[PDB]
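Okay, here we've got a single chain as structure tokens, the form deposited in one PDB entry, with questions on binding and movement later.
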């Protein structure tokens, strides 16, 4: 099994061998623990072809993440149980969450218009600096948290860990996710981290190599079985290409207009609740 065929084989396997297991809502999944798939990034981009993936959402959310924004409305205006706060909730201030962890891990939070330069650990500049100072390093690792777990005195575990790897001038990425929603989150996360990989490879003078996606609880929501059953009958088409339009030097300088997908012909959108 290779390409999108891995993803399809993994859906089939969960359908055939998954065990019924409830998530935090109380809603039902078929679940399997432990899976991995590899998608080559050489001269192709793993935007799934067996349903249309919301590519623009993938990009804009990655750009907001990279900025380390905690302003909800900065993503709402692109058009794309975590209670706390009052006037800050109306305002749209999310708290020290998402990209705030990639660019300012463990900094003291003020508000979302506040100035965080040089505060907390910039995990993402660290990854890029290490790639340039020691490409052989085995610790080129960046982590994300779910906003829900972030008391964060609690030393809460990460939701995802992304490990980069460099050999022969090629940048590879392994994403480990402690849980993965195969119907909706996984196709999105594949595109998203393969995009990150293209960005980092570009500003570091490497060629993208491989994206490896590894899960803990790989699951399918009960209300995602029939549409997935039908997706399984569709034959994958050659992956599109991702072209970067100008020469970019810093991860912060990338803009949505720098990117162009080419030769993308997916099967039609599947809607999933």
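Numbering follows the first chain given and starts at 1.
Omitted here: the form solved in complex with a small molecule. The next part is about that form.
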Going by heavy atom distances of 4.5 angstroms or less, which of 16, 20, 250, 24 would be at the interface with the small molecule in the entry with it bound?
24
Sole residue of 179, 172, 130, 71 within 4.5 Å of the small molecule in the entry with it bound, by heavy atom:
179
Though only this chain appears here, would residue 166 touch the small molecule in the entry with it bound if you measure heavy atom gaps against 4.5 Å?
no
Report whether the minimum heavy atom distance between residue 159 and the small molecule in the entry with it bound is within 4.5 Å.
yes
Does the small molecule get within 4.5 angstroms of any non-hydrogen atom of residue 116 in the entry with it bound?
no
With a 4.5 Å heavy atom cut-off, would you call residue 184 a contact of the small molecule in the entry with it bound?
yes
